[PDB]
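The structure appears below as structure tokens.
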Amino acid sequence: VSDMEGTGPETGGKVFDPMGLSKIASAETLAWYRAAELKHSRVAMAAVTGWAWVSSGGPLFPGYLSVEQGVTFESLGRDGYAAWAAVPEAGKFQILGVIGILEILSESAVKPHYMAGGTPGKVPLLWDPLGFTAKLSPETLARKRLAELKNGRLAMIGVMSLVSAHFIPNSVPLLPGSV
Amino acid sequence: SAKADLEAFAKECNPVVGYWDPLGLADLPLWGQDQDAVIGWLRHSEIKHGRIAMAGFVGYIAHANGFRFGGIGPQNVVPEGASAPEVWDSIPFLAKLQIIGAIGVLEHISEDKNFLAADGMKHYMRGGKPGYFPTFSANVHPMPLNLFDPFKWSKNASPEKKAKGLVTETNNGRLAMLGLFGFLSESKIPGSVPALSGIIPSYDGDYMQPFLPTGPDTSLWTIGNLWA
Amino acid sequence: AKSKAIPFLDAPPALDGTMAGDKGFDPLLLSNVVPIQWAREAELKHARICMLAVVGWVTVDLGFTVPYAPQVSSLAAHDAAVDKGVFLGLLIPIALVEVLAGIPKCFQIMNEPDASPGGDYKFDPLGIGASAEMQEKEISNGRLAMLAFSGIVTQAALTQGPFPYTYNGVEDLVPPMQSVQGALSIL
Amino acid sequence: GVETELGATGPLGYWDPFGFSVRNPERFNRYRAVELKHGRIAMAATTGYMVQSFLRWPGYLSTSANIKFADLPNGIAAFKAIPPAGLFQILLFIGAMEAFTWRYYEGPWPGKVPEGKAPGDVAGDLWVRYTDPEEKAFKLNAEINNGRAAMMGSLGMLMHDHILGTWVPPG
Amino acid sequence: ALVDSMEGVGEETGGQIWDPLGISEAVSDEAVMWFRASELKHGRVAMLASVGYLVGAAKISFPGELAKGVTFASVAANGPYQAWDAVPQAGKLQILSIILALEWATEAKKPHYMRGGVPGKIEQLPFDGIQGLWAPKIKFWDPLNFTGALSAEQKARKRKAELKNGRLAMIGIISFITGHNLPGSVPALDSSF
Amino acid sequence: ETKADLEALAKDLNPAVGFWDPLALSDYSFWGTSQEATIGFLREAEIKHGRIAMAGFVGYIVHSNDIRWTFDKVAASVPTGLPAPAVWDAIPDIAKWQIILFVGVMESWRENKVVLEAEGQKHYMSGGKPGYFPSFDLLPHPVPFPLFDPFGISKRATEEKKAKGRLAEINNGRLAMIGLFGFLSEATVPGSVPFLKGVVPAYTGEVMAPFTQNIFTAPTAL
Ligand SMILES: CCCCCC(=O)OC\C(C=C=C1C(C)(C)C[C@H](OC(C)=O)C[C@@]1(C)O)=C/C=C/C(C)=C/C=C/C=C(C)/C=C/C=C(\C)C(=O)C[C@@]12O[C@]1(C)C[C@@H](O)CC2(C)C
Ligand SMILES: CC(=O)O[C@H]1CC(C)(C)C(=C=C/C(C)=C/C=C/C(C)=C/C=C/C=C(C)/C=C/C=C(\C)C(=O)C[C@@]23O[C@]2(C)C[C@@H](O)CC3(C)C)[C@](C)(O)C1
Ligand SMILES: CC(=O)O[C@H]1CC(C)(C)C(=C=C/C(C)=C/C=C/C(C)=C/C=C/C=C(C)/C=C/C=C(\C)C(=O)C[C@@]23O[C@]2(C)C[C@@H](O)CC3(C)C)[C@](C)(O)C1
Ligand code: KC2
Ligand SMILES: CC1=C(C#C/C(C)=C/C=C/C(C)=C/C=C/C=C(C)/C=C/C=C(C)/C=C/[C@@]23O[C@]2(C)C[C@@H](O)CC3(C)C)C(C)(C)C[C@H](O)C1
Ligand SMILES: CC1=C(C#C/C(C)=C/C=C/C(C)=C/C=C/C=C(C)/C=C/C=C(C)/C=C/[C@@]23O[C@]2(C)C[C@@H](O)CC3(C)C)C(C)(C)C[C@H](O)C1
């Protein structure tokens, strides 16, 4: 675990592990931990960015989400867990099915699976379709991966701050009492 | 041996009494740890209790008699003339939480391997000085002043003076423990501290519940109070 | 000498160990009275018919039906097809295949010493292969299908119920779906 | 050793799933004595059930208690309904035969089979003795096999009559 | 004898084989491997079942709905005892189907525990090597692979812990069921059981 | 211990009474085990009964005079003024079942071969020390104190003082097994102990009946 990335200057310069799950973890168990950390990181960053954009007066998409049923982007209120509740169940299934296909892909396509060697959190299909990070030095890439992990840890605390606000009003300061 | 050192420390604390371990807690193997680690823990607990009791005694005199900072802050919700048990009860819930949390951060820094190693010391249960709060030389962001001796008044003090000061710390901490709980006991079992009879008012409320009553939920921040 | 399937009887000499699906199982020594190649031809014909019968019965009972066909369960499917009229049509390819592949092959098996083994029509359009393990799989699947068809018919006729062919459905195959509260009572 | 003894016949031949005599062949004689004992008791029990089905003795079981032979059911209820003095006499007779008449074990606490005897040769001088070796072996094998089938059957009847009250299960 | 080498002897019985009836001395080594495999199987089933009963009695249920019409709390609102009935038929059918698959695979692995195999070490990747069947290589035991960080001595200590905890759980699960059936049988069990 | 050792122990406990086994329990082989182990079991029984009876004497005096713990709800629930035998019957059965199981865990700890041989002693039937109780050194989890001397006193006691103390333990146990039973017999049979007439409150129940509701027939749960 000492070799793995994540130890920035913000927790000494060392691994953060009160309970010591890394001590139990073997090399492949640490690979699982990093893969799960990264997936939670990425999903949380997407979730918190979407919640902020939707609920911070951002421009909702134009047109009707569902012409047949009449549901519109504007009709979906700019409120957490209300827009999702009012989204058509078919659209919810679309999102979940695309995510499930992508995750079975990221499990079956990577050849040296994060569990058996490999690199945790590498998904070649989705990353950089325009190749934006295809000519960066290896150091720079390591620094950017460290930035990814650090941003995502904050994002996954933030998305739970949003969630616990709706389910427990006035939980988070500096956040509306409703959602 | 750790027990030999503790025995000598007891003689220094009081040579007429000397080492008085009626329960054998030094000999007991707490957590299965050896006698050295157990004595380190027990000594650290003694100085921690004594330190906190001395601060608590001075704070009892400050709060009960009336000693408040001016301006916006937790002191503006405590009713005037409130008892020392009532001041903690009357400060805001977030004030209680942040006091206890700041104390928690200090305790965490106190037992952290990071700060103790940056200061070239070890944990008190693993061959270290029992009661040593480390300098904030590993707090990511630099902190201006350290907890112990913040202005560095003791940067050149003799080891003999420091040892005598620790002997004094233990004794005064024990005595302050007794006095502070004298105050607490006089308010719930009257006529138990004879001198304090009529001085300490009765307090109906659990001392050992920190958050009961939870206290007001006021918002004392004024400029930028977007969280209200 | 002692049979593998029956460890208290001597195996017959005709079974040996070359034939696919051979488990030394012949307590009545029927291979002596009946030729082994004829018996294998009969076994494979029955196995194939029972496999087709099981899959067709299960599909028709579950709901798959040809257009214009009567929408009935497999139990009444025979009577419904006979009543509607189109069921000698299926006999016609059966009659063709039998008359022009079984009778000549049967006569070749009985009389001609140089002939293909029982059930070997050389029918492999896809060339999947007639390996020993493949023939063993054929024999095992076929025998299981024979017993399965026997049970399926005898249970569908008895209960007149859906696909499980049991009185209480899947609960009979799976006792702990019934209550379990008497099991927990005795415990 | 043990693989060729009276009982190593039938479809299974020698049958030791949990390796009892394989681990302790010295205990095979004790096990044979116990098997013969249980088998014989079960033959008696199965015949008693089957014959109590249709034939019952005449007269009163206990005239003081006014309990008649025909009044009793056929099963465990009959043994329940026998008076306490009858049960005590039954135990006394069984104990007399067990300890004195037909001694299955010689002595100490962990009883060994008698020295100059077969595993279960408990009868005295006045008993049918077969002198043909083939017939003796065949009929001893018949004894132990019928005993085994009898104990399986008798457990079946006991469980059926416990569940329902009749040894005959419905069907 | 194979009995002297196996784990399971603990400090509680004086570090001696706890066999009052002597069946371990009586039966052969093959039956002893059967008995150890069955012991560990019952113990692991019971370590699952005891905590399951605790969760049910606490009425701690997942947030959601088992079927489309019944809630996890609706099933659990009658205590653990009357729960398997309230589970929909399809759900328990699928549970028992996967349990059947696991049992058949573990028994179908060639180095059988009786016939030359480690008792209780059911293969960690069932459904692998089966002709005409593909499943993910999700390791049955420890898919996160916590075992890689433990030496053989630590594995022996944890196997001893496994056997002892299994025995305690086999007692505890029947304790819970008996506490429900007979109300006063096991004290320290409240009315939820 | 041998019967010669028992004779020496008796002659040291009371020189005049001396060895006074008139029923020959010291000679009857218990469970077929040797006399040296029957002596161990009998001596452990004597010590254990004396221990429990001394504690019971003090506890009976404490319960009859209702010196109860101040900060518990079970004691408050039990009515005041009851006879000491009834102060046991008026308790939740779940507390009785935990007192008893505490003694069970302790007497499983005591007789354990591994703990005894780790600390150095053996079982009382295996030539060990009768009336010994091993500390909780080999316990699964840590615990603060042992049972015998949870504090330190008598960690530096001479073998002479220990021998004197064991003799006094046996003698005081023999006396307390009679004093406590004098209390019980005067409670449940008035005028049985002539000197306690009008001192011990009377009682109707069975002191050999721990739980109110019969556990063997119909218990109670919490
Ligand atoms: C004077 C004292 C005599 C005592 C001995 C005695 O009289 O021996 C007599 C004797 C042999 C002999 C000898 C003689 C030559 C005749 C007499 C000589 O004697 C002397 C003294 O010289 C020598 C001797 C003893 O060698 C033979 C005794 C034979 C006996 C008594 C044999 C029972 C088998 C039962 C079985 C297998 C049950 C299966 C039972 C089964 C499988 C079931 O329960 C099945 C079932 O029920 C279920 C569960 C439910 C139902 O719905 C359905 C059915 C019914 C299917
Ligand atoms: C939270 C909230 O609401 O808070 C409220 C309540 C609270 C906190 C009570 C408040 C307050 C009161 C506060 C904070 C008052 C602060 C007062 C203050 C700070 C008063 C300093 C006087 C210094 C003097 C006269 C120094 C002379 C010094 C001299 C003569 C020199 O300069 C000498 C010398 O240096 C030279 C020139 C340079 C060298 O050549 C030589 C030396 C070195 C010798 C506020 C503001 O209301 C806010
Ligand atoms: C009727 C008639 O005519 O007569 C009689 C009948 C009857 C009923 C018998 C009567 C009575 C009353 C009797 C005889 C009552 C007897 C009661 C009895 C005999 C009660 C012992 C308790 C001992 C305890 C708790 C000891 C703890 C001792 C402990 C825990 C120790 O610390 C031991 C110690 O060794 C260590 C470990 C360390 C050393 O440093 C030394 C010490 C000592 C500290 C009457 C009423 O009088 C009248
Ligand atoms: C409630 C119960 C109880 C009572 C009322 C009681 C009363 C008396 C009296 C009466 C006036 C005397 C004078 C006395 C003396 C000694 N007791 Mg004792 N005792 C009780 C309990 C235990 C336990 C649990 C242990 C123990 C022991 C010893 C030893 C150590 C000897 C040695 O270490 O050689 C000595 C000298 C320990 C042991 O080992 O005894 C062999 C031990 O484990 N006692 N004890
Ligand atoms: C000196 C000393 C010590 C000490 C000490 C003590 C008692 C220290 C106490 C420190 C304490 C109590 C420090 C509070 C800080 C509060 C902050 C930063 C709040 C920011 C708030 C912010 C940034 C809010 C911003 C906003 O609402 C704004 C304004 C409007 C918007 O535009 C944006 C938002 C909504 C976000 C040691 C080290 C312990 C020992 C040593 O020996 C001596
Ligand atoms: C059904 C049901 C229930 C149930 C049930 C249960 C658990 C039923 C269990 C029934 C069970 C367990 C029935 C075994 C029979 C075994 C037989 C007949 C074996 C004979 C075997 C014999 C006679 C062997 C003879 C031989 O040894 C001889 C003599 C010599 C050897 O040479 C040859 C062999 C080895 C062959 C509920 C739950 C109560 C309610 C529910 O609603 C309905």
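Protein chains in written order, with the authors' numbering: chain R, 32 to 210; chain x, 27 to 254; chain E, 31 to 217; chain K, 32 to 202; chain P, 32 to 224; chain z, 36 to 257.
The C-beta atom is built at its ideal place from N, Cα and C for all residues, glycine as well.
Would you report the Cα separation of residue i and residue j, rounded to the nearest angstrom?
i                : j                : result
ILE132 (chain R) : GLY122 (chain R) : 15 angstroms
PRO97 (chain E)  : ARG78 (chain E)  : 26 angstroms
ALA35 (chain E)  : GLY47 (chain E)  : 13 angstroms
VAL150 (chain z) : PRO169 (chain z) : 7 angstroms
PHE93 (chain P)  : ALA77 (chain P)  : 21 angstroms
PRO89 (chain K)  : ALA127 (chain K) : 27 angstroms
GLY116 (chain z) : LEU189 (chain K) : 57 angstroms
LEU156 (chain P) : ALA162 (chain E) : 29 angstroms
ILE204 (chain P) : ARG174 (chain R) : 52 angstroms
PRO48 (chain K)  : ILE113 (chain K) : 41 angstroms
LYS181 (chain x) : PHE83 (chain x)  : 28 angstroms
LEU136 (chain R) : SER202 (chain R) : 38 angstroms
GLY92 (chain x)  : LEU246 (chain x) : 21 angstroms
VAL242 (chain z) : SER216 (chain P) : 23 angstroms
Starting from the C-beta of residue i, find all residues in its chain whose C-beta is less than 8 angstroms away, skip the five residues before and the five after it, and write them out in chain order.
i                : result
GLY76 (chain x)  : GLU195, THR196, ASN198, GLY199, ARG200, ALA202, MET203
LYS53 (chain E)  : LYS34, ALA35
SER223 (chain x) : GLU212, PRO216, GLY217
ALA64 (chain K)  : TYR135, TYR136, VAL144, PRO150, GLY151
What residues of chain x sit near residue i, judged by a beta carbon separation below 9 angstroms?
i                : result
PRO175 (chain z) : What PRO175 (chain z) touches in chain x: nothing, since even the nearest Cβ is about 11 angstroms away.
Identify every residue that forms a DSSP beta bridge with residue i.
i               : result
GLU70 (chain P) : DSSP, once it has assigned bridges, lists no residue as partnering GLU70 (chain P).
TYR64 (chain R) : Bridge partners of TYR64 (chain R): none, in fact.
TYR91 (chain K) : K:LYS99
Starting from residue i, find everything on chain K with Cβ-Cβ shorter than 9 angstroms and list it in chain order.
i               : result
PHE94 (chain E) : Ordered by position in chain K, no residue passes the 9 angstroms Cβ test against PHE94 (chain E), which lies about 38 angstroms from the chain.
Can you name, in chain order, every residue of its own chain whose Cβ lies under 7 angstroms from the Cβ of residue i, other than the five neighbours on each side?
i                : result
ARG190 (chain P) : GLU38
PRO142 (chain P) : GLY148
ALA114 (chain R) : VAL85, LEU107, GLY108
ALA196 (chain R) : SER202, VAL203, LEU206, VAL210
At 7 angstroms on the CB atoms, spell out the chain P contacts of residue i, in chain order.
i                : result
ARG54 (chain K)  : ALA57, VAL58, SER59
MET207 (chain E) : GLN120, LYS123, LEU124
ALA253 (chain z) : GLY215
Quick one: what's got a C-beta closer than 6 angstroms to residue i's C-beta in the same chain, skipping five residues either side?
i                : result
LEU182 (chain z) : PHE168
Can you name the residues of chain R whose CB is closer than 8 angstroms to the CB of residue i?
i                : result
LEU252 (chain x) : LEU205
So residue i contacts chain z; which residues on that side make the cut at Cβ distance below 7 angstroms?
i               : result
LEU54 (chain x) : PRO179, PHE180
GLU38 (chain P) : Residues of chain z passing the Cβ test: none, with the nearest at roughly 16 angstroms.
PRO48 (chain x) : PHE186
Against residue i, what residues of chain z qualify as contacts under a CB-to-CB distance less than 8 angstroms, listed in chain order?
i               : result
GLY46 (chain P) : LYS148, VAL149
Residue i versus chain E: which residues are under 9 angstroms apart at the beta carbon?
i                : result
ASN212 (chain P) : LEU214, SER215, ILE216, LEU217
- Message: Any residue with its C-beta under 6 angstroms from a non-hydrogen atom of ligand 5 counts. Can you list them all in chain order?
- Response: R:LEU205, x:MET169, x:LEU171, x:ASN172, x:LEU173, x:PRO176, x:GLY250, x:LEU252
- Below 6 angstroms from a heavy atom of ligand 4 - residues by beta-carbon: z:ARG86, z:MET89, z:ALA90, z:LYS164, z:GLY166, z:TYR167, z:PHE168, z:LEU182, z:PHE183, z:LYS197, z:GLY200, z:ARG201, z:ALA203, z:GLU204, z:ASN207
- Message: Can you tell me which residues fall inside 5 angstroms of ligand 7, judged by beta-carbon distance to its nearest heavy atom, and keep chain order?
- Response: Ligand 7 is not among the ligands present in this structure, which contains only ligand 1, ligand 2, ligand 3, ligand 4, ligand 5 and ligand 6.
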